[PDB]
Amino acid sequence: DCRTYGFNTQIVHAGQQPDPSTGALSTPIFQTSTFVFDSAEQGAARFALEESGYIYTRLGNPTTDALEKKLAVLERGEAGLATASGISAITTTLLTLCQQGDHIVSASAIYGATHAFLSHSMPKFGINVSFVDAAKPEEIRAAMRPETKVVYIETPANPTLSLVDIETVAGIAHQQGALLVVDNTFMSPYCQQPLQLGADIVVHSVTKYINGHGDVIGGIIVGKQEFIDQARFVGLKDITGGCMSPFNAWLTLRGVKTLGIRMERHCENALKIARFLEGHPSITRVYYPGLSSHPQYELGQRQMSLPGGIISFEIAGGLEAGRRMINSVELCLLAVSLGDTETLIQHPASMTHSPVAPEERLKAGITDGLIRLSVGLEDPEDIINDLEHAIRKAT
């Protein structure tokens, strides 16, 4: 029972063991679609759910099962379900929970494709969504309705790294009879554990920190066994079909083995870079949970064991300065992902949101000089020198 060891030991060992056939230490890649039964009796046993085995990889698989058990342990949930993408973990969750007529209260500062799913796809199926500022828990309460099945939040949230009081939101949702689903992608279980704070369901894009090596698109869902069985035998099997390939599970198991030491280096590196940016006369704002000037600093200190690897910051001179600076880094790479071992940088005003009206973007927290930085495992002095060089150039 691995649930008893320290959290680093669990990251290494939870859900894994030497192969019972051969002693192979690495979990084998069960890259198979079909499983063979010894008897007609066994096929019937496994299919009606009266026997525990494997049948078919869309349903379950030994490599994926290890990833699922591990992350269940690390989030302190009963069960895990892996998915083809983080988006797929989110929609497999909500399409399992919601039907025509149901309602959802959702943070507005959430991942873009989640916003499009809730804004345009959900109401198309008869499921209505109210969007609120999840940093003010009263807004969550005001929007709740007799039909509300789910409150949905992300913390820290993009793009300004605002926070959401999970424990407080969980009590509000629970009192009105709703579930709290938390996207814990930015933090990983090493830094934040929503289920310990009262959330019901945790979703991750394992694409980001949990895998950590920028070579896997994936997601995971953690929660009660009864909900997870529904998300598997209805949500995955019937609705999204978003199963994770066993190779992607195996890469994620391998990437997650260094989660603890990676997050330590990410956050130590990020704290140094945030302090450097807070002292730079060309940087108007730095958004980072580890800085004292952060509006919800003490909530972050209660709710997160580390301030995280993501920084946002605003550069003197708006849209053209951010573009100059972003075209002037030589070590940070221009990309839209985060959580990789390489430092990644994006300038949303001249990249992702370039054909959006300026004051349409500004309502959504994205200013003309806002830059988001995914701090990698490089030497922080090298990242800082690069940033200093590009900032200095850009002004």
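Start at 1 with the first residue shown and count on from there.
State which stretch shows the higher mean Cα B factor in the entry: 166-174 or 313-321. Between 166-174 and 313-321, it is 313-321.
Mind pulling up the entry and telling me whether 323-331 or 39-47 has the higher mean Cα temperature factor? For C-alpha atoms only, the mean B-factor is higher in 39-47.
Based on the PDB record, which member of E264, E138, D200, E78 exhibits the highest Cα temperature factor? That would be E138, according to the entry.
Third assignment of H294 from its chain's C-alpha B-factors: Answer is highest: the recorded C-alpha B-factor places it there.
Please place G376 in the lowest, middle or highest third of its chain according to the CA B-factor in the PDB entry. Tercile = lowest for this residue's CA B-factor.
Chain-wide C-alpha B factor ranking for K124, given as lowest, middle or highest third: According to the entry, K124 has a C-alpha B-factor in the chain's middle third.
Test of reading the entry: by CA B factor among the chain's modelled residues, which third contains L338? It belongs to the middle third of the chain when residues are ordered by C-alpha B-factor.
Compared with the other modelled residues in the chain, in which third is the CA B-factor of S350? Within its chain, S350 is a highest-third residue by C-alpha B-factor, going by the deposited values.
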